[PDB]
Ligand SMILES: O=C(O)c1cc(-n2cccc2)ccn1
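Single chain ahead, written as structure tokens, the form deposited without the ligand.
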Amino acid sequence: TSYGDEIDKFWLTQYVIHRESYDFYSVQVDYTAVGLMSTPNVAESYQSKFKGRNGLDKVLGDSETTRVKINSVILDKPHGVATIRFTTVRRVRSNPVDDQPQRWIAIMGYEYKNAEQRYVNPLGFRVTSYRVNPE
């Protein structure tokens, strides 16, 4: 539907933070929220990295982490697309210092449309398209 720019930027940036970060303790909720907030087509594309004994949570486990910081969020409400530019920083538990930051661009399409969704996606936020690219 339509809820306002700042409401859009919250779910959009909260989505990027859920999907582009890695912390073993939070992968459960981070993984779940990405589902409700994604179309099944875009959802399975994300779930591909967690299947089998080679899944990210299985292979990486707790050895490292990756944090996200949002730097800008532009909107296009009539069309339902947004361009988010964020930065990630990786670090393994044994790492001496954090890895050099990496800059990214997220081209996203969103829309609005269960008791578990209460503390995750009450407004029915859903991402229909997603594409991350470097800078």
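Heads up: residue numbers just count along the shown sequence, starting at 1.
Here the subject shifts to the form deposited with the ligand bound, a form of this protein not shown in this document.
Q: Does the ligand come within 4.5 Å of a heavy atom in each of 21, 26 and 30 in the deposited bound form?
A: Verified in the deposited bound form; spot residues all in contact, yes.
Q: To verify the annotation, which of these, 83, 65, 39, 87, has a non-hydrogen atom within 4.5 Å of the ligand in the deposited bound form?
A: That would be 65.
Q: So in the deposited bound form, is the ligand close enough to residue 17 to count as touching (4.5 Å, heavy atoms)?
A: Residue 17: yes, in contact with the ligand in the deposited bound form.
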